[PDB]
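Next up is one chain by itself, shown in structure tokens, the form deposited in one PDB entry.
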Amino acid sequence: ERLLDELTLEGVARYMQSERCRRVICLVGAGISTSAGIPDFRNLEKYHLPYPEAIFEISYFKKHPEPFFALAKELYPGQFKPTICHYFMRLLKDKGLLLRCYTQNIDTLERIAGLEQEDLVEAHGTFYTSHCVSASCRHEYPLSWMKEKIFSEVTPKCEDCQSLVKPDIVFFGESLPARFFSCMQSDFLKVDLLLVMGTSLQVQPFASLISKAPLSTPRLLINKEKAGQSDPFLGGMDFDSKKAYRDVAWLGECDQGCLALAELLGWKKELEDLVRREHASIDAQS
């Protein structure tokens, strides 16, 4: 009947290494990056905002961009070092198992860890690239350029047309990337396993993704807290009813959950070597 022989991390690992599991979708949130110690970008009383969310609203940003860039200077991380979880997804990619990583995070660490544009759906956008806001220009700028402008407390302007340059975060008043919908429509016909890591599945439409899986597809949650179950008040996760058949919860730090799964898979040495090498490379940036 069920694809998992037991509703445990061991059952998920056995399934992963079976021929039945070829395509894994990761859905990830802030919990996969808390170990990276990046200031959580998403005090303002001094900017006299007409409403708090104005600092992340596109029309306000075009009127008064300075509050946003002052906050971006304040919360700029000391380093962009991905976690064990990010490199676990890079390993999935290397093993030929990663169909897609859908991320709610804007902190760029998926890209730093080696997931390429085709591997990623950055559902809330990213700080990694920025664009001129003029529709007829849209000149793209990389992270180093913006950092130079931001720490100079110079408002970034396009070299071609002098319009504002905005990081590719999805602001209020903007729609989700069209890539989110096109990839969703195709990927969930193809998925054999959902790995849900470091998200509490509370923000829409990202949460609704778990209900797009085929009914047989196992879903592993690696998270500090159980999440994604149907809300007694309001296709949810069923970990614990006697009808549970495919959903597994591993509760702890996301790094430790990924370590435990890698150990079951025989990947712990590969993962350790990857993380140590990449961290050393980032630490050695001269």
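For clarity, a rigid core is taken as the largest C-alpha set superposing within 1.5 Å between two forms. The first residue of the shown sequence is 1; numbering continues from there.
FYI, the form solved in complex with a partner chain isn't displayed, but the following is about it.
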Candidate from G78, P142, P205, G96 lying within 4.5 Å of its partner chain in the entry with it bound - any heavy atom | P205
From the list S152, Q162, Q117, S175, which entry has a heavy atom within 4.5 Å of its partner chain in the entry with it bound?
-> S175
Where does its partner chain sit in the entry with it bound: which of 84 to 92, 108 to 116, 178 to 186, 130 to 138, heavy atoms within 4.5 Å?
-> 178 to 186
4.5 Å heavy atom contact, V170 and its partner chain in the entry with it bound = yes
Interface membership of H124, its partner chain in the entry with it bound, 4.5 Å heavy atom rule = yes
Mobile residue between the shown form and the other one, C-alpha criterion 2 Å or more, rigid core, from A30, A70, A260, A36 | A70
Core-superposed comparison between the shown form and the other one, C161 Cα displacement 2 Å or beyond = yes
Determine whether the C-alpha of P205 shifts by 2 Å or more between the shown form and the other one once the rigid core is superposed.
-> no
Superposing on the rigid core, do we see a C-alpha displacement of 2 Å or more at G173 between the shown form and the other one?
-> yes
